[PDB]
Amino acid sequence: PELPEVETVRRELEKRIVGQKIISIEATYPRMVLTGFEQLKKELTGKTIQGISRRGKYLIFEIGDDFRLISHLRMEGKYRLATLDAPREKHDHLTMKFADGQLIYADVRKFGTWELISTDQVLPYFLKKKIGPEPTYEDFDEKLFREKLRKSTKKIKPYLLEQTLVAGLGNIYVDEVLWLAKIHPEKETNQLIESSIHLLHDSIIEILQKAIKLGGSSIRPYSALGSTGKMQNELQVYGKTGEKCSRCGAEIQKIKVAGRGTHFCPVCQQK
């Protein structure tokens, strides 16, 4: 998932599990707890979930008064709230059991991670990750963005995917943003003029906020939290290879850019 999908999960978890006491924690794949599963089980069993926050694509469970469970869903991670008698599914890895249900984490590719850290370690954790600003008008300063783009010869799509200029774009929304801002994904960032950078800055905020409002993009239907999204119906280029650009009628093309499938309109996004 990307930031809008993680935010959608965050909001659903906030509504449903805040106030829940963790009765037990079980793992069939304990190695995805990078801080140690048995340590996490000992520390968190019996504690109450107080909140759920997000930074970039990271989910943050606030548990007890001093614990923060940092969860990254990577490519395929999925949470669901299930009955206590729910049958195991093949790629379920972890569960937090409450009195009236359980929160199960599944991840086909086993890429997702859990890390248990303390409250005062959260800000240093993300500083060490070098995560850039949240994609909001308040936090995403166009002036610093412009200065960083001016200094670099990196290509704009890979640079945006780094999470350092701004947090939260992945392959879907970076392709969507670059189409909206009429920028080719291989454009070296020091070639972007001020007006293009301004449009890019605003487009990043606008499409991620739109995606949040619509509950994220569900490319396939799934049975988990954050799976009732509608933003997939608004995608203009991602996965639209061979379909016509909604602005100019040219066929959307797919190329490979720094190892990633990349969808663009060759007319609207001049090389």
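All residue numbers are counted from 1 along the displayed sequence.
Engineer: Test of understanding: from the entry's C-alpha B-factors, which stretch has the higher mean, 109-117 or 182-190?
Structural biologist: The stretch with the larger average C-alpha B-factor is 182-190.
Engineer: As stated in the PDB record, which stretch has the larger average Cα B-factor, 39-47 or 217-225?
Structural biologist: Here the higher of the two C-alpha B-factor means belongs to 217-225.
Engineer: Tell me, please, which of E134, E176, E76, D141 has the highest C-alpha B factor according to the deposited entry?
Structural biologist: That would be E76.
Engineer: Considering only modelled residues of the same chain, in which third does the CA B-factor of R54 rank: lowest, middle or highest?
Structural biologist: Ranked within chain, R54 CA B lands in the lowest tercile.
Engineer: Lowest, middle or highest third of the chain for the C-alpha temperature factor of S71?
Structural biologist: Its C-alpha B-factor belongs to the lowest third of this chain's values.
Engineer: Check where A82 lands among this chain's C-alpha B-factors and tell me if it's the lowest, middle or highest third.
Structural biologist: For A82, whose C-alpha B-factor we compare with every modelled residue in the chain, the answer is the middle third.
Engineer: Hey, what third does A211 fall into on Cα B-factor, ranked over its chain?
Structural biologist: CA B-factor rank for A211: middle third.
Engineer: Using the B-factors in the PDB entry, rank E26's C-alpha atom against the chain and give the third, lowest, middle or highest.
Structural biologist: Middle third, going by the recorded CA B-factors of the chain.
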